[PDB]
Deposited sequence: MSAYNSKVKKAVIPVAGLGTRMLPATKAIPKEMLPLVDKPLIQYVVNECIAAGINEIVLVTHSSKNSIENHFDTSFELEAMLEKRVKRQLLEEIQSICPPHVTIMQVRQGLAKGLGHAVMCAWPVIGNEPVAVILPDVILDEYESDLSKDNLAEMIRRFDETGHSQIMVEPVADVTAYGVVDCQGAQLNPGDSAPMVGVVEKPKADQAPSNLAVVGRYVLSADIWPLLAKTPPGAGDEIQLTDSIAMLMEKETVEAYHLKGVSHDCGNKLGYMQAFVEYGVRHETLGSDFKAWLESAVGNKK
């Protein structure tokens, strides 16, 4: 077993890039075909062997929690496989926990809110608008799953990265020139936010998945809170590696990424994929 027993999911942000759809609903509940973003992400954690999930949330996001809880009126209304399917959304051995975020305070702070739940233990941190494509990787072996096994072997933190066209647009890691392929981990030495062309130490951009040793918690005391800055302070104390994304991710935190993903999952849907796929080809 891993000492990484819980995953933090900061879901407290209002989704201003996905307006007006998110005016009165959480960006985490936008459907990707017929399931909300947050359900794929909780499934990914489950597949990586994490059974305990800590949402850091906002007052207007109750619906995220209702989605995994028992929906009483709905169940009563059902009198098929449908009942069973919605009764399976959260497996009984999986537990969702919730703590509210204080002010509109950034990601490092979001994670800081989850400390009293976790304690001084390593921790998985998961950005809920990035979706790791379950058809192009095996999430029970690759990506988060792999980063946890790597963390258990070495005790080094793991920051997921993927190559990007434009290095000035994301946060970008410094691996001292390192050779890096899908599925590999190698030491990183720094992180810069939206670097200028000449400042970028690489094109490997942070994807939004972190496995952090219990060391970050004391470091999360000091201000920049942004996570990366606190990560930097750990790189000074201890070895922090970067892990190359396997398969594909979809950034569903921008409109186009979300419309792209909807279609891609739309084609793979396992009762409606073929009709949709056909319809598409004829209509395009």
Spell out the unmodelled ranges of the deposited sequence for me, N- to C-terminal, numbering from the first residue. 1 to 4, 84 to 87, 233 to 238, 299 to 302
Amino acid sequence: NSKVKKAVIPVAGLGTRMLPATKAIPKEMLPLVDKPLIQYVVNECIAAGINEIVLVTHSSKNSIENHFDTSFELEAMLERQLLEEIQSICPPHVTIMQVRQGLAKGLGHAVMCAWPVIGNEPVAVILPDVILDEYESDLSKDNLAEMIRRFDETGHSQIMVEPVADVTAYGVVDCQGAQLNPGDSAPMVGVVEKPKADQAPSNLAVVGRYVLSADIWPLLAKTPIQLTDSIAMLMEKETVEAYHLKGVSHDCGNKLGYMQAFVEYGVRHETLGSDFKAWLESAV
From here on, numbers count along this sequence of modelled residues.
Taking the deposited Cα B-factors and averaging over 173 to 181 and over 159 to 167, the higher mean is found in 173 to 181
Looking at the entry, does 50 to 58 or 226 to 234 show the higher mean C-alpha B-factor? 226 to 234
Which of these, 258, 217, 68, 40, has its C-alpha atom at the highest B-factor, as the entry lists it? 217
Highest recorded C-alpha temperature factor, please, choosing from 136, 75, 129, 198. 198
Classify residue 273 as lowest, middle or highest third according to the C-alpha B-factor given in the PDB entry, relative to its own chain. highest
Using only modelled residues of the chain, where does the Cα B factor of residue 154 rank: lowest third, middle third or highest third? highest
Splitting the chain's C-alpha B-factors into thirds, which one does residue 107 fall into? middle
Binned into thirds over the chain's modelled residues, the C-alpha B-factor of residue 64 lands in the lowest
By the recorded C-alpha temperature factor, relative to the other modelled residues in its chain, which third is residue 113 in? middle
